[PDB]
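Student: Just need the structure, nothing else, for what follows:
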Amino acid sequence: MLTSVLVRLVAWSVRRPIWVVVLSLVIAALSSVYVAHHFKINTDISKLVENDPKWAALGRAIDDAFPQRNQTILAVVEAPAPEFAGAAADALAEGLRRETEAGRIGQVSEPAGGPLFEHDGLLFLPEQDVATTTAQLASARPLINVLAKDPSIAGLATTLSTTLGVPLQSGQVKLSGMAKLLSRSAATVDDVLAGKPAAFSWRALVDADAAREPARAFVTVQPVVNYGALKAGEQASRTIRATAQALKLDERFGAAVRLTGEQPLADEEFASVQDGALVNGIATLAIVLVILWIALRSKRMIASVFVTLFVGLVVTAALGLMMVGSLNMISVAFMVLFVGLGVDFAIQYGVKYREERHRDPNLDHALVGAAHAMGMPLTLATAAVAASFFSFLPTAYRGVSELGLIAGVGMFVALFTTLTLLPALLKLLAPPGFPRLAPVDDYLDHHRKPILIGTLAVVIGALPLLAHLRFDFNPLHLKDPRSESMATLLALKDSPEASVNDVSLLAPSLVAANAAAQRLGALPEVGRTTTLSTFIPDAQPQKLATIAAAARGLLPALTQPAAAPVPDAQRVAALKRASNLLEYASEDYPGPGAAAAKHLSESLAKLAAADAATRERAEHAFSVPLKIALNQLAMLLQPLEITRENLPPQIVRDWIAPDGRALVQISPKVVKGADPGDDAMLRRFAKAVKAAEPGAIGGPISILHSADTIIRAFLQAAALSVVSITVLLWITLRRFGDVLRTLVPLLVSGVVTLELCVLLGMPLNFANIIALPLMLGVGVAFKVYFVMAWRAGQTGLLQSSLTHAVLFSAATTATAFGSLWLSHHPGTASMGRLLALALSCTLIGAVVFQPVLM
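Tutor: Residues are numbered from 1 along each chain as shown. For reference, the structure is listed below:
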C-alpha cells in the first residue's frame, strides 16, 4: 500500500549514506545553474487571459491593418495657459521630428491638430457659432487694435487707464462688463507678486469660455522599430524627457511633460512589483525563523529545516522555469507561497519527532517511526493541496494556470524533500509550553458545542445578504494608482481630445464604414463616432466666405509691430497713474464688481513699489502669451479649404492606411453630470454596441468578454476542485459518511467566506479569485490531519496539544498571507487580504465543527 511503499522508499534512502545528501547538493546546484541561466520575468497583460478564436480573428486584423496604433505612446504637456500648452506641444513635435529624421525612434503624430488643422481651426464648428465669434471680433476692432499695437505691460496698463478714464464714467460701458477680466488680471498679477509661475489667458475671454485651469496639449508617437537589440521603446521614452528638459520649457513656457501608455504602465508595474520584494523576503524569512524557534528550540534542527526549505524553493523554481519561463506578475507569488505552505510538513515531522524523543530513547527508530506515522496524513494533505492547485489548469485563465502548476510541482517537491533529505540531515546532525492560557482554557472549549446552534442559526439568514457583490471587470483599477503613468490617465478623464474609452470597428470599404458609423450613432447611447470622413468639413464655400469677410477687416490690425519698452521710471509713473485712476474708480463708482476694481488697485499699488526683475517676469507672463494668442488668431483667420486630396499624409495613414479598409473609432455617450467615472454605463454601452454590431471588439470598454471568460473559468475550476477533493476523500475514506464529515464544514466555511467578502464590500477581481479552492484544499488538509490527531481523545487545543503542529502551520500560513498582503500592489494586496480573511473563517469553520469531523 501507499504507506508501505513510502516507508520502504524512505528506509531505502536511509540505507543510502550521506551520498544522498551530496547528490541533493549537486542536483540543487545544477537546478540553480538552470535558474540563473533563464529567469525571464514577463509582465504581459493580454496573455494571462486567453480569448476564443473569434475575438483573436479580429485582434489579428487590428494588428495587421494598423500597426502604428497598438503600441503607441501618448505624451501630455501641462501649462497654466492654453497658449503656452500649444507652444510647448508644437516645440515638442518639431523636436521629436528632428530626433526621428536621423533614424533613431519612430515617427511622431500630433493629435490635437496638424498644420492644416491649426490653420483651419475654425471650419470645424457650426456656422452660427463661428459667425457670432467673427462678428464679435469685428466689433472689437478698435479695442483689439489699441491692445495689440502696444502689448507691453506698461503699454497695456496705459491703454487700460485710457479706456477706464473716459469710457466707463461716460455711461456707455459698465464696470461689470469687464469685471471678469479685471478680477482675472488681478489674480494673475497677485500670483506674479508671489513669484509663482503664473500665466494669463486671452483665449478664455472672447473666443470661448471652455478654458480650464489644467490646460493640456497632447502629442503621441509610436515607438522604435527595434533595428537591433534595443528594448523597443525605452530609448524613445527616455529621449522624450531628455529633449524636453534640454529644450528648456520650464522657463520659456513653464510647463511639464508627462508620458503614459501600456508600455510605461508595464515599466511602472515592473518597478512596483520589484521594489516590494526584498522587504517581503526579509519579512518571510524572519517570520519563518521565529515560528521555527517557537515550534522547536534547538540549533541542530532549525538549521536543517532551513536547508530543506531553501532546497525545496530552488528546485521548485527550477522546475517552474522549466515548465514555463514567465511569472506574469501573478505567478510570482509562489516565492512566498512555498515558504508559507510547505513548512507544514517540516513542522509536523519536527513535533512528531519531539514526541518520539519523549517516547523512543533511540533516534533512528524514533525517526523512522515518526516517518511511518505521518504516512497517510501527509500524503493526503499533499494530494488535496495539489488537486486544489491543479483544478485551475483546464481553464482559459493563464496566469492562475501557471501559478497552480508551479505550486503543485512545489508541493510535490516539498513532500519529496521532507521525506528524503530532511531525515538524512537530521541523522547527520542528531540533536512544557505556554504556562499562561488557563482561564480561557476552562470555558472557551466547553462552549464550542453550542456554537453549532449559535453560528449556524445566525448564518442561515445571511444568504440574502450575499447577492450585494460587484465584480471589477477592468484590470486597470488594480494597477497602483499612486504612480504617474496612470495618474495621467485618471486626470485625462475630463479631456475628450484623447478618447481612452473608445472602441474600434473595421469595414470592407470607407462608405461601409460611414454607414456603420451612422447605424451605430442611431443608438441613443453612443455619443459621437469618428472616421476619416469626420475630418472633412461640411460646407466649404459659405464658411470660407464668412471667415474671409472677417479677415478682410481684422487682418490689418494684427501684423503691425509694436514699439520698444520705455525706461523703468516711466513704467513706475504709468503704474502710479493707473493706480490713482483705479482707486478713484473703486472709491466713487461702487456697484456689482467694484471689489474687483479695488483688488486691481491694490495689485497695481503693490506691484510697482521697489522690485525690478519681477516686473520683467510679469512682462514675460503677460505680453508673451498675448503675442502668441494674437499670432494664433492671425494665422487661423486666413485659412484654406480641406479636401481629401489635400489632407496631410499622417492623418490618412492613421485613419485608413492600407488596402485593409478604414476603421471607425467610436466613443461612449457622455452627458453633463455623468462623467466617465461610472463603470455601469460603460458596461451597458459595451453590451449595446456589441449587440448592434458584433465586430466592434477591441475597445477597452468592450473588455467585458475577458471578465466573462475569467468568471466562467473560475466557476468550472471551483467545480473541478470540489469534485477532485471529494473523489480523493472517497477513495481514501470509502464509506461516504467520513467524506461528508470532512467536507460539509469546508463548504459551510466557504459560504461564510463569501458572505464576509460581501459584507466588507470588497469585490472579486482578476488576481483575487483563487482564494476559495486554495483555502478549501488547505482546510481539507487540516481536517485530514485532525482525523488522525485526536484519535486518542478529543482534548482542547491548549498547552502544546497534539494539534499544536497544525496550529503552528496555520499561524505560518496566516503570517505569510499577511506578508503577501503588504506588497504596494493592489493586484496582490487584494489577493492577500482575501486569503487572510478566508483562512481566518475556514480555520474556525473546520475546528468548531467537531461533531461533523469525527
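
Student: List the contacts of residue 93.
Tutor: Residues in contact with residue 93 (Cβ atoms under 8 Å, 6 or more residues apart in numbering) are 108, 110, 219. For the C-beta atoms, the positions are set from N, CA and C on the backbone; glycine is no exception.

Student: Identify the residues contacting the first one.
Tutor: Listed by Cβ under 8 Å, 6+ apart, the contact set of residue 108 reads 93, 96, 97, 100, 219, 220, 221.

Student: again, only this time at 10 Å
Tutor: By Cβ atoms under 10 Å, 6 or more residues apart in numbering, the contact set of residue 108 is 73, 75, 92-100, 219-222, 236, 240, 650.

Student: same thing with residue 189?
Tutor: 153, 198, 200, 599-600, 602-604, 606-607, 618, 621-622.

Student: Nearest to residue 33 among these?
Tutor: residue 198 (62.0 Å; Cβ to Cβ).

Student: Quick test: name the residue nearest the centre of this protein.
Tutor: Centroid check for the chain by Cα atoms, centre = their mean gives residue 479 as the closest residue, at 1.9 Å.

Student: my guess is that one contacts residue 825, does it?
Tutor: Yes - with contact defined as Cβ atoms under 10 Å, residue 479 and residue 825 form a contacting pair (8.7 Å).

Student: Report the set of residues contacting both of those two.
Tutor: 269, 272.

Student: Quick check: most distant residue from the centroid of the chain.
Tutor: The outermost residue of the chain relative to its centre, with distances by Cα atoms, centre = their mean, is residue 170 at 60.8 Å.

Student: Check the gap between that one and residue 577 for me.
Tutor: Distance, residue 170 to residue 577, using Cβ to Cβ, to the nearest Å: 19 Å.

Student: Residue 629 too?
Tutor: From residue 629 to residue 577 the distance is 27 Å (Cβ to Cβ).

Student: more crowded one of these two?
Tutor: Neighbour totals were compared for residue 629 and residue 577, and residue 629 leads with 21 against 15 (other Cβ atoms under 10 Å).

Student: how about the strands in the protein?
Tutor: 73-79, 108-109, 215-221, 256-260 (DSSP state E).

Student: Now tabulate the ones you listed in TSV and tack on distance to residue 788.
Tutor: Putting these into TSV (distance: least, Cβ to Cβ, whole Å) gives the following:
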stretch	distance to residue 788
strand 73-79	60
strand 108-109	69
strand 215-221	65
strand 256-260	57
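
Student: closest one to residue 706 among those strands?
Tutor: Using Cβ to Cβ, the strands of the chain put strand 256-260 closest to residue 706, at 21.4 Å.

Student: quick one: strands adjacent to that closest one?
Tutor: When pairing is defined by DSSP bridges, strand 256-260 lines up against strand 73-79 (antiparallel).

Student: Now do the contacts for residue 414.
Tutor: Residue 414 neighbours (Cβ under 10 Å, 6+ apart): 308-309, 311-313, 315-316, 338, 341-346, 382, 385.

Student: In helices only, show me the contacts of residue 108.
Tutor: Assigned to helices by DSSP state H, the following of those qualify: 92, 93, 94, 95, 96, 97, 98, 99, 100, 236, 240, 650.

Student: Buried among the residues you listed? Make that a ChimeraX selection.
Tutor: If you want just the buried ones from the ones in helices among the contacts of residue 108 in ChimeraX, going by 16 or more other Cβ atoms under 10 Å, the selection is:
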select :92,93,95,96,99,100,236,240
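
Student: export the ones in helices among the contacts of residue 108 to JSON lines and tack on distance to residue 205?
Tutor: Shown next, in JSON lines, are the ones in helices among the contacts of residue 108 (distance: Cβ to Cβ, whole Å):
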{"residue": "92", "distance to residue 205": "27"}
{"residue": "93", "distance to residue 205": "27"}
{"residue": "94", "distance to residue 205": "29"}
{"residue": "95", "distance to residue 205": "31"}
{"residue": "96", "distance to residue 205": "32"}
{"residue": "97", "distance to residue 205": "33"}
{"residue": "98", "distance to residue 205": "35"}
{"residue": "99", "distance to residue 205": "36"}
{"residue": "100", "distance to residue 205": "37"}
{"residue": "236", "distance to residue 205": "38"}
{"residue": "240", "distance to residue 205": "33"}
{"residue": "650", "distance to residue 205": "32"}
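
Student: So which of the ones in helices among the contacts of residue 108 is the closest to residue 745?
Tutor: So of the ones in helices among the contacts of residue 108, ranked by how close each gets to residue 745 (Cβ to Cβ), first place is residue 236, at 57.8 Å.

Student: Assess the claim that that closest one and residue 230 are in contact.
Tutor: Yes - at 9.4 Å, residue 236 counts as touching residue 230 under the criterion of Cβ under 10 Å.

Student: any residues in contact with both of the two?
Tutor: In contact with both residue 236 and residue 230: 104, 105, 223, 224, using Cβ under 10 Å, 6+ apart.

Student: any idea how far residue 794 lies from residue 675?
Tutor: 60 Å.

Student: Residue 551 too?
Tutor: 38 Å.

Student: Between those two, which has more neighbouring residues?
Tutor: Taking other Cβ under 10 Å, residue 551 and residue 675 do not tie; residue 551 has more neighbours (18 against 11).

Student: Isn't the more buried one up against residue 134?
Tutor: Yes - between residue 551 and residue 134 there is a contact under Cβ under 10 Å: 8.8 Å.

Student: out of the shared contacts of residue 236 and residue 230, who's nearest residue 52?
Tutor: residue 223 (29.3 Å).

Student: neighbours around the residue nearest to residue 373 when sequence neighbours are not counted, how many?
Tutor: The shortest distance from residue 373 to any non-neighbouring residue, by Cβ to Cβ, 6 or more residues apart in numbering, is to residue 352 (6.1 Å). Counted with other Cβ under 10 Å, the neighbours of residue 352 add up to 19.

Student: From residue 358, how far off is residue 352?
Tutor: From residue 352 to residue 358 the distance is 11 Å (Cβ to Cβ).

Student: Show me the common contact partners of the two, please.
Tutor: residue 366.

Student: What remains of the shared contacts of residue 236 and residue 230 if I keep only buried residues?
Tutor: 105, 223, 224.

Student: Closest to residue 491 out of those residues?
Tutor: Of these, the one sitting nearest to residue 491 (Cβ to Cβ) turns out to be residue 223, at 23.0 Å.

Student: Much appreciated, bye for now.
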